[PDB]
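Q: Have a look at the structure that comes next, please.
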Amino acid sequence: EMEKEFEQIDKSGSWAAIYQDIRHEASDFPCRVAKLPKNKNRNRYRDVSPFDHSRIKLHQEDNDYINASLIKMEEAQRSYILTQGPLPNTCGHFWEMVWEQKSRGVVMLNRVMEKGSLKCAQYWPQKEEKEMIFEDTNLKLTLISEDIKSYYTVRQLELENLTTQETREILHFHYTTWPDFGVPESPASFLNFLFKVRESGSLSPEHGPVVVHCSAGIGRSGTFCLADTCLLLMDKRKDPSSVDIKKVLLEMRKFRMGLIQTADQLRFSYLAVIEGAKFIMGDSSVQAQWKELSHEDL
């Protein structure tokens, strides 16, 4: 049972140790495509690469490479695409992937600027009247609407394949208040955010996999997917007990390296899952308490 494990780990002060255990057990697979010299400028961080076996391939003859991994959680019947924050030259690739993969949602867990440095290109339009065109991939992107809340912003975007002139609505869920250092004090606002994404349909099997990114697409991105999947599994077999967060994390790590970057991110994942479990186990009232406690308006 995870809350007892949580308190035991807290009591013994052994988060760093548990986390290192995970790093040591984690899968190691080749990333040969990522490391080809022609792809050097498609990678944001030299230490964060997609495994060859799980990487998303762009459907182009030229260079099919993007730093993105399909994380396919069999038991939970949830898939996620984890990717890096787009680079100035990979914004077209990014939206190409969203198109080809049939995604409905993009979950962004970072700010464009953090710690006084650029963590991500401005890959979506900030004003309705100033649409973006990505010439390399022949796609058009238009801001349709935006709903700014205190800890996140949801945008409706229209993505057009300029080749065929089909259009889709993409929802952009932008968690804006992850702190520069550490993790959130309370998971409340994070859970409220996750539930907002869920509510939207973006995580659901009638759509392609949700695209999740932060700067590197492993830390915050890892935390989001881990929490979602754990909560889902707890739902599917109604048994907090059986769901082993460490085991789920290791399973996820078969598909992309580095998921959960710090011991404090691990601890936070536990907190989120534990607190989230309230809703899942029958206490429907709990979601209204997160909305109040997250302080979302203004």
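Ordering of the structure tokens sets the chain letters (A, B, ...), residue numbers begin anew at 1 in every chain, and ligands are numbered from 1 in the order given.
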Any idea what's packed within 12 Å of residue 262 (chain A), counting only C-alpha atoms, ignoring anything in its chain fewer than 5 positions away? Could you give it as a short mmCIF file (atom, residue, chain, number, x, y, z; two decimals) with N, CA, C and O atoms, in the first residue's frame?
A:
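The file below, around.cif, is the result:
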data_model
loop_
_atom_site.label_atom_id
_atom_site.label_comp_id
_atom_site.auth_asym_id
_atom_site.auth_seq_id
_atom_site.Cartn_x
_atom_site.Cartn_y
_atom_site.Cartn_z
N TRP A 15 14.29 8.78 0.05
CA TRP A 15 13.87 9.12 -1.32
C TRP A 15 15.03 9.03 -2.32
O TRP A 15 14.91 8.38 -3.37
N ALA A 16 16.17 9.62 -1.96
CA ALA A 16 17.36 9.62 -2.82
C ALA A 16 17.76 8.19 -3.15
O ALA A 16 18.11 7.88 -4.29
N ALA A 17 17.67 7.31 -2.16
CA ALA A 17 18.04 5.92 -2.33
C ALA A 17 17.06 5.16 -3.23
O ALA A 17 17.47 4.42 -4.13
N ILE A 18 15.76 5.32 -2.96
CA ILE A 18 14.71 4.68 -3.76
C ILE A 18 14.84 5.10 -5.23
O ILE A 18 14.70 4.27 -6.15
N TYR A 19 15.12 6.39 -5.43
CA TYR A 19 15.18 6.98 -6.76
C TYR A 19 16.39 6.44 -7.53
O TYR A 19 16.24 6.05 -8.70
N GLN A 20 17.55 6.36 -6.86
CA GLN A 20 18.77 5.77 -7.45
C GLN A 20 18.55 4.31 -7.80
O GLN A 20 18.98 3.84 -8.85
N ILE A 22 15.82 3.02 -8.81
CA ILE A 22 15.08 3.09 -10.07
C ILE A 22 16.00 3.38 -11.25
O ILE A 22 15.94 2.68 -12.26
N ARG A 23 16.87 4.39 -11.10
CA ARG A 23 17.84 4.73 -12.15
C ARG A 23 18.68 3.52 -12.54
O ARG A 23 18.90 3.27 -13.72
N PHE A 181 12.53 25.86 -9.40
CA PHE A 181 13.23 24.78 -8.69
C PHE A 181 12.25 23.93 -7.90
O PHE A 181 11.22 24.41 -7.48
N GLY A 182 12.61 22.67 -7.68
CA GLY A 182 11.84 21.79 -6.84
C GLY A 182 10.58 21.32 -7.53
O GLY A 182 10.52 21.28 -8.76
N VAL A 183 9.58 20.95 -6.72
CA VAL A 183 8.29 20.47 -7.19
C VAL A 183 7.22 21.28 -6.47
O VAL A 183 7.53 21.97 -5.51
N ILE A 218 10.95 14.57 -20.01
CA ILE A 218 11.14 13.43 -19.13
C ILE A 218 10.76 13.70 -17.67
O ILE A 218 10.24 12.80 -16.98
N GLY A 219 11.03 14.91 -17.19
CA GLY A 219 10.84 15.23 -15.79
C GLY A 219 9.38 15.38 -15.40
O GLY A 219 8.73 14.46 -14.86
N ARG A 220 8.89 16.58 -15.64
CA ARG A 220 7.50 16.96 -15.49
C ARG A 220 6.62 16.08 -16.37
O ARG A 220 5.57 15.66 -15.97
N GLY A 222 7.21 13.08 -17.29
CA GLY A 222 7.20 11.77 -16.68
C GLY A 222 6.20 11.72 -15.56
O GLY A 222 5.41 10.75 -15.43
N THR A 223 6.23 12.77 -14.74
CA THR A 223 5.38 12.89 -13.55
C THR A 223 3.90 12.86 -13.92
O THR A 223 3.11 12.15 -13.31
N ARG A 267 8.87 11.62 -5.14
CA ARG A 267 8.06 11.83 -3.94
C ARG A 267 6.77 12.52 -4.31
O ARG A 267 5.68 12.16 -3.83
N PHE A 268 6.88 13.53 -5.17
CA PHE A 268 5.74 14.28 -5.61
C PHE A 268 4.71 13.38 -6.37
O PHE A 268 3.51 13.51 -6.19
N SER A 269 5.22 12.48 -7.21
CA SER A 269 4.39 11.52 -7.95
C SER A 269 3.56 10.68 -7.00
O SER A 269 2.37 10.55 -7.18
#
Q: Pick out the residues sitting within 7 Å of residue 71 (chain A), and hand them over as a list in words; count only C-alpha atoms, and ignore anything fewer than 5 positions along from it in its own chain.
A: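 Selected residues are residues 79, 80, 81, 252 and 255 of chain A.
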Q: Of the residues A:260, A:11, A:3, A:169, which is the one nearest to residue 276 (chain A), using only C-alpha atoms?
A: A:3
Q: Which of these residues is nearest to residue 127 (chain A), using only C-alpha atoms: A:149, A:184, A:157, A:112?
A: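 Nearest to residue 127 (chain A): A:157.
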Q: Choose the residue, out of A:107, A:216, A:56, A:272, that has the smallest atom-to-atom separation from residue 43 (chain A); count only C-alpha atoms.
A: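 Checking each of A:107, A:216, A:56, A:272 against residue 43 (chain A), counting only C-alpha atoms, the winner is A:216.
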Q: Got a sec to tell me which of region 95-124 of chain A DSSP assigns to strand (DSSP E), as an NGL selection string?
A: :A and (105-108 or 113-114 or 117-118)
